[PDB]
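Secondary and tertiary structure notes
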Amino acid sequence: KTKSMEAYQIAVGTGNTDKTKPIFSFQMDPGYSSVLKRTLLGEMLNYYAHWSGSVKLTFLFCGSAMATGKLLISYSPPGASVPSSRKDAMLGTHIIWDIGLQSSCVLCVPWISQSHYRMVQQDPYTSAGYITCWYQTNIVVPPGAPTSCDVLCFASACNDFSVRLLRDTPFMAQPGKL
Amino acid sequence: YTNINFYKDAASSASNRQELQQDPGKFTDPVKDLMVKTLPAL
Amino acid sequence: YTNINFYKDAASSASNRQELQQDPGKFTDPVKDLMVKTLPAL
Amino acid sequence: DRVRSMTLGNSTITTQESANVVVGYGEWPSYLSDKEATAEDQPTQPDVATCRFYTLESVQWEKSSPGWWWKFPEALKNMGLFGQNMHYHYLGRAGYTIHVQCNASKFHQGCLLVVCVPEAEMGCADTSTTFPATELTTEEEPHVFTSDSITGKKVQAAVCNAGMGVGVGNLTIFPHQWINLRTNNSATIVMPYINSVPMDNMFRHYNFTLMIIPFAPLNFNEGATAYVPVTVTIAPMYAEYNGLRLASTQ
Amino acid sequence: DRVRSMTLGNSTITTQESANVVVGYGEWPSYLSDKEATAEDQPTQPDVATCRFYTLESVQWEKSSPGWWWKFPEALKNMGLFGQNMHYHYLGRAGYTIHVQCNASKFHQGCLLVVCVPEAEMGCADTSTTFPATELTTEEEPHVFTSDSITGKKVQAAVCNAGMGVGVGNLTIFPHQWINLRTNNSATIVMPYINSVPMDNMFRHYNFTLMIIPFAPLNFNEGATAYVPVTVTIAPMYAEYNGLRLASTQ
Amino acid sequence: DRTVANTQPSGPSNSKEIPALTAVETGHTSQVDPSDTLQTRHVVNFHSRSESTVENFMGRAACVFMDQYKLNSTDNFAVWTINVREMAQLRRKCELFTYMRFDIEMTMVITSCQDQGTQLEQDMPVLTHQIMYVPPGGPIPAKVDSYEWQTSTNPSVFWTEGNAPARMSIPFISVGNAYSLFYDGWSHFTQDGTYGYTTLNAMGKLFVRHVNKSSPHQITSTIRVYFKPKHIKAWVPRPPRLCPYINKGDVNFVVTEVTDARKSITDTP
Amino acid sequence: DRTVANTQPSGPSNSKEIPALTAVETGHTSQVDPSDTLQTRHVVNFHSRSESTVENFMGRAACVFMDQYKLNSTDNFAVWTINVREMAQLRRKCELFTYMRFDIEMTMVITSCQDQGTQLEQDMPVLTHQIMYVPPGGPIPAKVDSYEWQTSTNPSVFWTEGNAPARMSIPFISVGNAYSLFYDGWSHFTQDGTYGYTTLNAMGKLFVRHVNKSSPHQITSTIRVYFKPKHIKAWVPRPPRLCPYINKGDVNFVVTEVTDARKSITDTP
Ligand SMILES: CCCCCCCCCCCCCCCC(=O)O
Ligand SMILES: CCCCCCCCCCCCCCCC(=O)O
């Protein structure tokens, strides 16, 4: 799916099976996590070696107007293993999204770090947490409506984001004369 | 020092490395009608 | 001379070699209660 | 007026179709005052850690479902730092906000009654004996009512009497709200602290019981979604604790 | 001036023969200010529950005892609500007061040096390899020095170098006090928070090490008590925690 | 040099305000702050976005050209058409904006080395080099001793080896109001010719040669040119180029992948 | 620049004041002056503690790195991880404090010498060298003619032989509020990984190479780097290291002796 349009589609379903398992999970680290490495924020972050600030993620529900449901999205600060149940994910920074007319909800990571700055490259001393989603309630649709919908996510920086050290991007290489 | 020009030409000057001006409203908020964060979007 | 900076950056400056400030009380006298030399310690 | 947004701690709940929230008896929860206090110690007052939304397990509303009940605050144990403080503290005070979510399309019909009964006492099916404490509270799943008389060392879960020996239709005296699929999909109830003593042990005392009873049966035609989930979310407010000792294993 | 009384939380320590307490570098511990803060959240600040005296295990000072060391703050885990908050919190700040008790009659002689070394780094006996983390910290018993060179995947516990590659007699530069049986029987040291970053993880970082080394050997004649115990009591002060998540099992 | 915004204290709230809820179909980016959805303390931020400016970002030398000329036919001099689409390092940085105005500060580095031969016994004096910029439409030399080398009007620089590298400054010399990096058009009015940005690029050529006439044995030299933009202004930001470059003249590319493959949707390394 | 305290006159005294008597268990250092226990005259002292300051003590260059690269595979360039734990002379001086903030003023000395061979007849022009500092996380060159050498964003210095040694200034580039020389912790949160100060050291690498392509015969060069700290601040003084160093990475040591052996307790040489 890395060479198609399905990479941006987060599938959602209506069923009784596998309702206790995560919808998606990835690392918060913007510098090197494959999920958000190549985004607009990541591309500018790879020209720098230090970063700080807060990041906000919004989700759009691309489904039928008659569908309704709830979702739980949580950020777990680093220091523990990745949560494996919704009881573990409800003890952190979480927000409950009710799908409706607004059709979008915003989650903010409030820059929990020991130092003032972190490093773009992967280092054990400075690392971020994990993002996970869970089913607060199942998705209910009326008869005659599509069973499955899709969700899209957008990432952007806040007004307190900054970068200090300047380096070269690692995404460009020239094997020979053009 | 740092404010003395020894050359008449304007291109023969140091780079402006101490200027900080920003305007993110051009791209973040291009909508014609004002939107309030507290109030519902629609 | 000796007080003119030809470079805008602050790191591009000479070392501060004419500063003399001391505070030996931090280590020599860390006790909470004051002790008088003439008076007995205990 | 349909839209409403509630923010507490690090959690936020958003609704697009709802009614005005109901404050229990018209009094917002608050902290205990010095004149009304009886204890002699410095209370610990966590704010963000122990006062946030906690989403419980969900249930499926089938056509023949008779109802469910939950017995707080014990159901809120072992979740977050709210339960952990309970184990180490002999006394505590708290207030709660209850949000119940149930959604359906425009081709579905049904009605639900959400009511909080303070100091609700349940009688046994066998009048000559008592039931174990497991029947009242399990802390993991909702207990279900029944549409007929049952027997054994269990509570009388008949929907006619609701287990309290009173009419089911007269429960509207207590603070309540209705969930009608045609109109609304979420109900929110704010409840203050109600007890005879200013503080009491949380484990051995059940302050209030949340009961959801479908007065109108769910009905739909072929082709519609048959799995309608019901989810309950509760958030403690103004948590206060007095008395520190070794943890209680229970 | 010999008598002193210290009260913190629900615990109190009384001494009848002692010297004036030593404040580390002349600065009393306090809370972090807004200008020096870097985090963006509401810190939880327990006052009575997590700031009180905690008495560790005691040890016997024999005639041939070379010494002992403790590596806080990990040694303070699993005791009270101070350790419990550590498991659930990624970052924390605290200050400590250390009280060491050792008593003897007028017919006993000996001297002890109590010193807190910030950021003390221990080298391995085998210079070509590293030692497991169990050797540095055990959290239950004090680790003992030795009077001769040792080998293996362990720290060099020789009293001559103290495990840091520096002279044992030059440790007086750090805040310290002496316990002379003829004069005093208790030593108290107050230490502020010292670190490069405003906050750091407690589990993986060892802020300071408490070392007790007998410069003067214990000696006594027949008929005197041969069991002289040494007890250490530490009390956290101005505890602050930022960052809440699931508990860390370690 | 102002700092970033500070954080304001927040508390518990239950009301009809919905900062989190928004609509993304409007085309507006949400302005939610962390204080709006969580309980936060008060902190003073002194961090400054001082190195994120365009002027500081572009303010660093980068290699643009490299060639070799020898001293002992057409190998005695080098010819370069001045373009910034020959090195990938600087091409990617300058393709993030559609139009740009800037003044370059060119510098050159010249090194020489004797060639490996059977006979290497020679004694030579210091070497001198000449660099000439031919304006567009000017005559182009065809030989080392051609008549165009006497720069009556064209600029020239003479640099003896062993001294500091030469440096020069060039102003805005574009016919239009800015440099158009991307041009979506054809050269001719009949929608024919060459499609791309080559049509608008009319910069002149550069010539380098050896001033010394001859040497007993062959000697080869290499020249490297570095550009630093200053007094820069940028317009119309553009997304970064994903695919590696293929040819300098055009923007032809091959199909690539957006991101690196992961094991599963819920896979955390 | 103030002077030290003067001496005050004293006379015979018989009273209950006991300046000499004190208690050393309190942890306080006695402040007794020579006038307190003896009869002294009045002298004016003009001596000043002007060279005992930390800034003046640290204000002197010291060697930090030394390596060789040759001009004729991987021997044509040198790679150095920037650390101050490779030379004992400066390591001992900088281990007397736990935390320190300072700005370095680096300089380099480059020398070249022809290698001894059977055939030595050659004539070569002046030589040029390039030094590039790769920021942490940046691409590292793998060849002399690799593409990373064109420093679009990374700093670089070109120094032709025969001129004055190059010099540069670097500011405080630490993530934290100071440089932690001693770190008592583990890299991972599970108390595993590497124990020592290596975890906090995240400084970038340095690359040196020859600009000239080739020479008829092999030539070798040596580069030496010197550091001078300025605008320095120090905290938490530490006792000096007694035992000689064994490995750069860690602080492992061998058992040594506190002082030199004497014949007896009452032996005066
Ligand atoms: C060698 C001495 C004379 C040198 C004259 C200056 C070199 C001419 C270059 C002018 C164009 C510079 C900017 C062009 C960049 C672009 O084409 O976008
Ligand atoms: C060669 C030109 C570019 C040179 C760039 C400066 C060299 C980088 C060194 C930065 C770190 C200096 C201080 C680090 C000391 C330490 O690690 O404690």
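Residues numbered from 1 in each chain as written, not as in the entry; some residues may be left out. Chains lettered and ligands numbered in written order. Part of a larger assembly, values for the part shown. Heavy atoms only, no water. Residues with missing side-chain atoms left out of burial classes, pairs and counts.

Structure determination for this entry is recorded as cryo-EM, at 3.37 Å resolution.

Here's the deal with the overall build of chain D
Across its full length, chain D carries two helices and 13 strands. Taking 18 Å as the expected radius of gyration for a compact globule of 250 residues, we find that chain D reaches 19 Å, a close match to that expectation. Considered along the principal axes of its C-alpha atoms, chain D spans approximately 65 × 50 × 30 Å. A total of 250 residues make up chain D; the buried ones form 55% of that total. Contacts in chain D between residues far apart in sequence, at least 24 positions, make up 83% of those at least 6 positions apart. Entry remark: accessible area of chain D is about 11,200 Å², with carbon and sulfur atoms responsible for 49%. Looking at charge distribution, chain D has the averaged site of its 14 positive side-chain charges lying 5 Å from that of its 22 negative ones. (Helix = DSSP H or I, 4+ residues; strand = E, 2+ residues; numbered from the N terminus. Rg over C-alpha atoms; globule rule 2.2 N^0.38 Å. Buried < 20%, exposed > 50% of the residue type's maximum accessible area, 1.4 Å probe, protein only. Contact = heavy atoms within 4.5 Å. Areas by Shrake-Rupley, 256 points an atom, 1.4 Å probe, with all protein chains shown as cover. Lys, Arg positive; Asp, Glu negative; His and termini not counted. Charge placed at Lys NZ, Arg CZ, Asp CG, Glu CD.)

Focus on the overall build of chain A
The number of helices and strands found in chain A is two helices and ten strands. Helices (α) and strands (β) of chain A occur, in sequence order from the N terminus, as β-β-α-β-β-β-α-β-β-β-β-β. Over its C-alpha atoms, taken along the principal directions, chain A stretches across nearly 60 × 45 × 30 Å. Counting all 178 residues of chain A, 66% fall into the buried class. Partitioning the contacts of chain A with sequence separation of at least 6, the portion at a separation of at least 24 is 82%.

Quick notes on the state of the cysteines
A covalent bond bridging the sulfur atoms of two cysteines is what the word disulfide describes. Counting across every chain of the model gives zero disulfides over all chains. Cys 133 of chain A forms no disulfide, and the closest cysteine sulfur to it belongs to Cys 153 of chain A, at a distance of 10 Å. Lacking any disulfide linkage, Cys 94 of chain G is separated from the closest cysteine sulfur, that of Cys 63 of chain G, by 13 Å. Assessed through its relative accessible area of 13%, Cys 94 of chain G is described here as buried. (Disulfide = S-S within 2.5 Å.)

Considering the interface of chain E and chain F
Contacts between the two partners involve eleven residues from chain E, matched on the other side by ten residues from chain F. Between chain E and chain F, roughly 890 Å² of surface is buried when both sides are summed, and carbon and sulfur atoms account for 49% of that area. It is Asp 34, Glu 40 and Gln 42 of chain E that lose the most area in chain E upon contact with chain F, and together they represent 52% of the buried surface on that side. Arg 41 of chain F is the partner of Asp 34 of chain E in a salt bridge, and the nearest nitrogen-oxygen pair spans 2.9 Å. Applying the counting rule to chain E against chain F returns four residue pairs in polar contact. Looking at the side of chain E that touches chain F residue by residue, the class counts come to four nonpolar, two polar and five charged. (Buried area = accessible area lost by both parts, 1.4 Å probe. Salt bridge = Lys/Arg side-chain N within 4 Å of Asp/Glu carboxyl O. Polar contact = N/O pair within 3.5 Å; in protein donor to acceptor, adjacent residues only side chain to side chain. Nonpolar A, V, L, I, M, F, W, Y, C, P; charged D, E, K, R; others polar.)

Considering the sheet that holds strand β4 (residues 55–62) of chain A
Residue and element names in this part refer to chain A. What the four strands build is an open sheet, ordered β1-β10-β4-β7; its pairing is antiparallel. Only two strands of the sheet have a single neighbouring strand rather than two, namely β1 (10–12) and β7 (104–109). Mean inter-strand twist for the sheet, computed between neighbouring axes without regard to direction, equals 25°. Bridge analysis of β4 against β7 gives six bridges, and the strand direction is antiparallel. Bridge assignment links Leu 60 to a residue of β7, and that residue is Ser 104. (Pairing = 2+ DSSP bridges. Axes fitted to C-alpha atoms, helices over the stretch in contact; angles between N-to-C directions.)

Focus on the interface of chain E and chain G
Each partner contributes residues to the interface: chain E has 53 residues there, and chain G has 40 residues. Looking at the side of chain E facing chain G, the largest losses of area belong to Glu 121, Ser 196 and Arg 204 of chain E, adding up to 20% of the total buried there. Summed over the shared surface of chain E and chain G, the result is one salt bridge. The partner of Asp 184 of chain G in a salt bridge is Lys 71 of chain E, with the nearest N and O atoms 3.6 Å apart. Joining chain E to chain G, the criterion identifies 16 residue pairs in polar contact. Elements with a minimum of two residues in the side of chain E that touches chain G: α2 (133–136) and β10 (176–180) of chain E. The dominant element in the side of chain E that touches chain G, judged by the number of residues it contributes, is β10 of chain E, at four residues. Class assignment for the residues of the side of chain E that touches chain G results in 23 nonpolar, 23 polar and seven charged.

Overview of the arrangement of the chains
Separating chain A from chain C is a minimum C-alpha gap of 16 Å, and the two share no contact. Regarding chain B and chain G, which are not in contact, the minimum distance between any of their C-alpha atoms is 15 Å.

Let's talk about the site of ligand 1
Residues and elements named next belong to chain F. Ligand 1 sits among 13 residues. The nearest are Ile 82, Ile 104, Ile 131, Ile 170 and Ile 173. Elements with a minimum of two residues in the shell around ligand 1: β4 (97–114) and β5 (128–134). In terms of residue count, β4 provides more of the shell around ligand 1 than any other element does, three residues in total. A class-by-class count of the residues in the shell around ligand 1 yields twelve nonpolar, one polar and no charged. (Near = heavy atom within 4 Å.)

Topic: the pairing of strand β3 (residues 97–114) of chain G
Residues and elements named next belong to chain G. One ladder, built from six bridges, connects β3 with strand β10 (residues 229–237); its direction is antiparallel. In the sheet register, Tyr 99 faces β10, and the bridge partner there is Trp 235. One ladder, built from two bridges, connects β3 with strand β7 (residues 179–180); its direction is antiparallel. Directly across from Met 100, in β7, lies its bridge partner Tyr 179. Direction of pairing for β3 relative to strand β6 (residues 167–170): antiparallel, over a ladder of four bridges. If you follow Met 106 over to β6, its bridge partner there is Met 168. Of the pairings in the sheet, the one linking β3 to strand β9 (residues 219–227) comprises eight bridges and is antiparallel in character. The residue of β9 that forms the bridge with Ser 112 is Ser 221.

Describing the site of ligand 2
All names here are of chain G. Not every one of the 13 residues close to ligand 2 is listed here, only the nearest: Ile 82, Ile 104, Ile 131, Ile 170 and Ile 173. Here ligand 2 loses 91% of its free accessible area of 530 Å² to cover by the protein chains. Mapped onto the shell around ligand 2, the elements with two or more residues apiece are β3 and β4 (128–134). The biggest single contributor to the shell around ligand 2 is β3, with three residues.

Digging into empty space enclosed by the protein
Roughly 270 Å³ of volume is contained in the largest cavity. Forming the boundary of the largest cavity are 19 residues, of which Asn 10 and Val 48 of chain D together with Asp 41, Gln 42 and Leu 244 of chain E lie nearest the centre. Per-class residue counts for the lining of the largest cavity are eight nonpolar, nine polar and two charged. When its volume is computed, the second largest cavity comes out at roughly 120 Å³. (1 Å grid on protein atoms, 1.4 Å probe; cavity = no way out; pocket = protein on both sides within 12 Å on 5 of 7 lines; lining within 4 Å. Points joined across faces, edges and corners; volume = space filled by probe spheres on them.)

Quick notes on helix α1 (residues 80–88) of chain D
Burial within α1 of chain D is extensive, with eight of its nine residues counted as buried. All of the buried residues along α1 of chain D are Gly 80, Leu 81, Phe 82, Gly 83, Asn 85, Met 86, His 87 and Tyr 88 of chain D.

Description of the sheet that holds strand β8 (residues 205–210) of chain G
Residue and element names in this part refer to chain G. If you trace the four strands from one edge of the open sheet to the other, you get β2-β8-β4-β5, paired in antiparallel fashion. At either end of the open sheet lies a strand with only one pairing partner, and these are β2 (78–81) and β5 (156–160). Going from strand to strand, the sheet's axes swing by 15° on average, the running direction of each strand aside. Note: β2 against β8, four bridges, orientation antiparallel.

Let's talk about helix α1 (residues 80–88) of chain E
Along an α-helix, residues three or four apart share an orientation, since each turn contains 3.6 residues. For α1 of chain E, a buried count of seven out of nine residues is recorded, marking the element as mostly surrounded by other parts of the structure. Those residues of α1 of chain E that fall on the buried side of the exposure criterion are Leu 81, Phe 82, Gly 83, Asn 85, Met 86, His 87 and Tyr 88 of chain E.

Overview of the side chain of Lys 93 of chain F
In this fold, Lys 93 of chain F is placed in helix α3 (residues 88–94). At 3.4 Å, the side chain of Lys 93 of chain F and the backbone oxygen of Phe 57 of chain F are in polar contact.

Some details on the nonpolar core
Formed by 70 residues in total, the largest nonpolar core has its most connected members in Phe 24, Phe 61 and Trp 97 of chain A together with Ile 223 and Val 225 of chain F. Counting residues per element, this core draws most heavily on β4 of chain F, at six residues. Aside from chain neighbours lying at most four places away, what touches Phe 24 of chain A is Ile 10, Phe 59, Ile 131, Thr 132 and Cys 133 of chain A together with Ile 265 and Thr 266 of chain F. Core analysis: the second largest hydrophobic core is formed by 65 residues, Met 122, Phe 203 and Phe 208 of chain E together with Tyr 195 of chain G among them. (Core = buried A, V, L, I, M, F, W, Y, C linked by side-chain atoms within 4.5 Å.)

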